[PDB]
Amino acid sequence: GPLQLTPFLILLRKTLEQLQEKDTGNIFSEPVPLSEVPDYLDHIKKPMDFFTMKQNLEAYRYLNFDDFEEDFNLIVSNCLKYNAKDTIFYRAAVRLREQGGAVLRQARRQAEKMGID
């Protein structure tokens, strides 16, 4: 496929893989299937998942670090909104939020040190 090489997209690639590594169950790897979860959009305005984040990255739809981060935060916040607290999914989203926070803090520092956050 096409492949764009800029320092910012290089950083987003690394950061994204670092985030996905924290989702040990691959719970967030793909869109929630609306065909199996027909009430999902009743609750969720903008679904997000890591496959979609990767495609956004590669298309140059993230132009700054904030916008990338906002989509990671959606993954988490959507999951916490839709699923009940006692579910494995909710609990997975809490773990992801806390581990991903550290990843994003480090990466943002790098984006700022380069002229690119």
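Take the two forms, superpose them, and find the largest set of C-alpha atoms that agree within 1.5 Å; that set is the rigid core. Note that residue numbering begins at 1 and tracks the sequence as displayed.
Stretch 5-13 is the one, of 5-13 and 93-101, whose CA positions lie farther from the shown form in 7 other deposited structures of this protein once all structures are superposed by the rigid core.
On average the C-alpha atoms of 37-45 have higher B-factors than those of the other stretch, with 55-63 and 37-45 being the two compared. Here 4-12 and 106-114 are compared by their mean Cα B-factor, and 106-114 comes out higher. The deposited CA B-factor of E70 belongs to the middle third of values across its chain. Sorting the modelled residues of the chain by their CA temperature factor places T24 in the highest third.
Among the modelled residues of its chain, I88 has a C-alpha B-factor that falls in the middle third, as given in the PDB entry.
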